[PDB]
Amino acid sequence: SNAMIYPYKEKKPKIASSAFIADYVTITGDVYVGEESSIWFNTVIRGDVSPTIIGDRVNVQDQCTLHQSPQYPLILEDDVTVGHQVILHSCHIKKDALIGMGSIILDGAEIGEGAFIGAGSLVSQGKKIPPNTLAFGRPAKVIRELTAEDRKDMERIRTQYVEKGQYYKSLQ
């Protein structure tokens, strides 16, 4: 509510009316944020190099940094979860994926649909993580296929975040 929204040149952020934008968040420039998505406390999204497209029901948790290099956009597809203090840099995170807290996902990296990146990981430039796998480490490596139980916990997290986003939004 106490958040900064700036243009960068002729572009201004386009944020769905149902999205929750927490306090101390800064969003600038060429950024699009979809319905019921939630951008948590002290996150910075500077849209001043390439476009940042965030889909629907996405959570970008507290104190993340979202930026780009010139060659690639930054894309977070629908139903993505991004953990606390994650750095995203011109990567493409496909739908239902989860990025573990404290991770760094670099330029041209592709996180497959429903993949889970373990906390504290570094996904190097150009790295592809296959859909429905667990990957972790620095640099991150594919560890195993995800199970039905892993997927149920991911569903719990993304759905609860939508609800919690709407709740904290109501307190603004």
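In this text, residue numbers run from 1 along the sequence as written.
#### Entry: 6-14 versus 144-152 - which carries the larger mean C-alpha B factor in the record
Per the deposited B-factors, the answer is 144-152.
### 130-138 or 37-45, whichever carries the higher mean Cα B-factor
On average, C-alpha B-factors are higher across 130-138.
### Query
If you rank the chain by CA B-factor, which third does residue 22 end up in: lowest, middle or highest?
According to the entry, residue 22 has a C-alpha B-factor in the chain's lowest third.
### Task
Taking the values exactly as deposited, rank residue 81 by C-alpha B-factor within its chain and report the matching third: lowest, middle or highest.
CA B-factor rank for residue 81: lowest third.
### Task
Place residue 69 in the lowest, middle or highest third of its chain's C-alpha B-factors, as listed in the PDB entry.
It falls in the middle third of the chain.
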